[PDB]
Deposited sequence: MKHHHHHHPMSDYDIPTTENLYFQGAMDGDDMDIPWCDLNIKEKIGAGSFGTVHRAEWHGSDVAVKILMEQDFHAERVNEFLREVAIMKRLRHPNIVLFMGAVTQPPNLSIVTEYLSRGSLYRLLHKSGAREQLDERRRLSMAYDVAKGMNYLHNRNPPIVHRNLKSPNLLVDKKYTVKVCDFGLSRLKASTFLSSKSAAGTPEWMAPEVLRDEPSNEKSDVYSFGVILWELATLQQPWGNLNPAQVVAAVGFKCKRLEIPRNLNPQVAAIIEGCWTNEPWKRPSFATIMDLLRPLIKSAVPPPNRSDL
């Protein structure tokens, strides 16, 4: 639904990027998040691309996808309005201090399941929607620790083929999921000891893979390893990942 800029009461900034910034906001009493595009080119081609993007978001409806709630479609305030997740990015949540005590194995496995559900949903659109930029910093977490894929750089989550500048693949983000599941199970930062360029070489050309603790749950380790096969088409679909994760959380 269309939203007039004046109807938004902007609050404290909660994020930012290339597009611009993100701010919590009050909207007719409702608590929302507003993505404010700062670019000052309001010519048709751009406004139209924006409108086109907004029409896509309107069609994406799933519990584990950030809830679209509206859009400011009038210059000079092009914006996307969504629900507000108060715990922010998954990345910061895992690496903040005390995370291990704050989040038990069962919870972190549920968080993984949430992502798999979102991605399974996205992969089943016609045409399928592939998120090659899938990564923990892109995932958002609400108060109840539910995780949602934010659908609207650095390569530690990019699949080898992507790092090789190869053609787009539907199973590229399955590799990325493998890294996210690894972060969740180990609470380690991926490739913390390499610079971006070294990551590209390691995973893209030397078939290096993040090390799995011998101490880790075998069933979770298996899910991870399967996501990391060099042959993309050999990686399990997200629905298969869901089947494999469901026994564990329960």
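Unmodelled regions of the deposited chain sequence (numbering from residue 1, in sequence order): 1-31, 184-200, 299-309.
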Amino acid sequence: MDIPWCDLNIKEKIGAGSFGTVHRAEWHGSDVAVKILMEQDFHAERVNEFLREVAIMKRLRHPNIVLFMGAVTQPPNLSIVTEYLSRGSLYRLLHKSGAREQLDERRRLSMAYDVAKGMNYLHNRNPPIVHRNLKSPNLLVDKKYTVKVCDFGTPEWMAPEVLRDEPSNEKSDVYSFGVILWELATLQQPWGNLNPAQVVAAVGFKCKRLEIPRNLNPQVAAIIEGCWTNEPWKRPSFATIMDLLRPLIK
From here on, numbers count along this sequence of modelled residues.
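The PDB entry reports B-factors from which the mean C-alpha value can be compared for 68-76 and 125-133; the larger average falls on 125-133. In this entry, the higher average B-factor at the C-alpha atoms falls on 7-15, of the pair 7-15 and 222-230. When the C-alpha B-factors of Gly88, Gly178, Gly153, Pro160 are ranked from the entry, the top spot goes to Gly153. The entry lists C-alpha B-factors for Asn138, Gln102, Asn120, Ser172, and the highest of these is at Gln102.
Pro190: CA B factor lies in the middle third for its chain, per the PDB record.
Sort the modelled residues of the chain by CA B factor and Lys96 lands in the highest third. Annotation for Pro213: CA B-factor lies in the highest third of the chain's modelled residues. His43: CA B factor in the highest third of modelled residues in this chain (values from the PDB entry). Residue-level temperature factors show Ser168 in the highest third of its chain, judged at the C-alpha atom.
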